[PDB]
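Engineer: Any chance you can model this:
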Amino acid sequence: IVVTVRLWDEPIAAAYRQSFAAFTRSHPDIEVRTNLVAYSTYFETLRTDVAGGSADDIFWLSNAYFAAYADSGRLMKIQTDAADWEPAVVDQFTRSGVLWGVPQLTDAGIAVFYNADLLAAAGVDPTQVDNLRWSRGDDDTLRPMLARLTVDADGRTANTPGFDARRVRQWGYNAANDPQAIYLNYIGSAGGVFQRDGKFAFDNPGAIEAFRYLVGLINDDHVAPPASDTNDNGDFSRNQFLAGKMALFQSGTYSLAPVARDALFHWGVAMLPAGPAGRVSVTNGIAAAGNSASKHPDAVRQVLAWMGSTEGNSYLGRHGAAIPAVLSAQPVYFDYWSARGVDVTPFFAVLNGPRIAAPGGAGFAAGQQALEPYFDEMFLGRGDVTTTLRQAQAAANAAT
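Structural biologist: Residues are numbered from 1 along each chain as shown. Provided below are the atomic coordinates:
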């Protein structure tokens, strides 16, 4: 009996092959085969295959797309215990009171890389960075911390008279037109939404609050790089962090590999700052769904059970590049990194409260491209956040 597993990441396909070889040794009635399809056309192809009965037994879904499949009965109900799976990914795949996929991988949450040498030089202990709060009111603690951490070529900090924003040598932070690392967390941390019911919905009080704050950090405080540096250069801030030029660099686990490889100074990871509604990180996960039209539904059930076990899911995290969604399997990931001198807890701890889903779905790419020029102007400090969001929303939706 052959069960086929469909997915889109190659290194993970390698890890699956190692996982399923271990499965078949304890369950030799079943051979599992992986089937790579490139990310760029995965969903358009899965849509055709599912629709006409030739999709694989097991396939990867994201949050963006599973809904259409779940409603039309394409997907098996995941009828197991869920206490050992990331709650974030579990919620991501629950619809009408049913779990529709076995959680496989998670992004985890956003955190704050810091350059400890640059903290030491400014008189800041790394623990201080874990208790920061952003706000439009006078309960804010982020801004003065970023100000202390932003230095011009004369040694004048951002809050000092004389400070020259043209001559900044060291930025405190990476506030920028950068959804995943920055503004999606600000919106959620303000109680706003970015997307609702497959439509862009960021024209709302919370998002207004978030964008005013960010606009201010960049154009008025000068504690993050100018928007011309970062609008359409997604890597600018990370490169400045690597060059020893940025105190705090707010990002996800995707920057762990690029940071560990090249960073020559002492560094760590601290918590996401809290907003008016707490520390709310963007997150996103991947689940493996069972095909309801599978020729061998029992064997699929055995394979899904293994994929969701400590032992099976451990394989995806053993290389420290993808994070297991099984909670008991995640120490393979922590260990990978602790041995390389990095504590990864803040990326995980942040999930322990409320969250915002990574936006996605049909017509999203096109919508995201359409809002882009308006967001660029907004981060350039031009016009008004209010008027910009209203026009950007109408434009994003039209394109969708």
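Engineer: For the stretch 101-250 of the chain, just list every one of the helices.
Structural biologist: Applying DSSP state H, counting those that start in this stretch to the stretch 101-250 of the chain gives helices spanning 116-121, 126-129, 142-148, 184-189, 205-216, 227-230, 236-242.
Engineer: Would you quantify the distance from the closest residue to residue 326 other than its chain neighbours to residue 327?
Structural biologist: Distances taken as CB to CB, 6 or more residues apart in numbering put residue 313 closest to residue 326, at 3.8 Å, once the chain neighbours are dropped. Where C-beta positions appear, they are placed from N, C-alpha and C, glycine not excepted. As judged by CB to CB, to the nearest Å, residue 313 and residue 327 stand 10 Å apart.
Engineer: who's more crowded, these two?
Structural biologist: When neighbours are counted by other CB atoms under 10 Å, residue 313 comes out ahead of the other of residue 313 and residue 327, with 27 against 16.
Engineer: could you point out which element follows the regular element (helix or strand) spanning that one?
Structural biologist: Using DSSP states H and E, residue 313 falls within helix 310-317. Per DSSP H and E, the first helix or strand lying C-terminal to helix 310-317 is strand 323-324.
Engineer: Could you list every helix and strand in contact with that following strand?
Structural biologist: Applying 3 or more CB pairs under 8 Å, 6 or more residues apart in numbering; DSSP states H and E, we find strand 323-324 packed against strand 102-106, helix 310-317, helix 331-338.
Engineer: quick one: contacts of the shortest one?
Structural biologist: Surrounding strand 102-106, the residues in contact under the criterion CB atoms under 8 Å, 6 or more residues apart in numbering are 12, 60, 78, 85-86, 88-90, 92-93, 283-290, 304, 307-308, 313, 316, 322-326.
Engineer: Using ChimeraX, make a named selection holding only the buried ones among these.
Structural biologist: A single ChimeraX command suffices to select whichever of these are buried according to 16 or more other CB atoms under 10 Å:
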select :12,60,78,85,86,88,89,90,92,93,283,284,285,286,287,288,289,290,304,307,308,313,316,322,323,324,325,326
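Engineer: From the contacts of strand 102-106, which land in helices?
Structural biologist: Counted as lying in helices by DSSP state H, out of the contacts of strand 102-106, are 12, 88, 89, 90, 92, 93, 304, 307, 313, 316.
Engineer: between the helix holding residue 313 and strand 102-106, how many degrees?
Structural biologist: Helix 310-317 runs at 30 degrees relative to strand 102-106, counting by axes from the mean of the first three to the mean of the last three CA atoms, to 10 degrees.
Engineer: Of the helices and strands packed on strand 323-324, which is nearest residue 366?
Structural biologist: Nearest to residue 366, of all these, is strand 102-106, at 26.1 Å by CB to CB.
Engineer: and that closest one, which strands flank it?
Structural biologist: Paired neighbours of strand 102-106 in the sheet (DSSP bridges): strand 285-290 (antiparallel), strand 323-324 (antiparallel).
Engineer: that older thread, so what's the residue nearest to residue 326 up against?
Structural biologist: Applying CB under 8 Å, 6+ apart, we find residue 313 in contact with 19, 104, 307, 324, 325, 326, 329.
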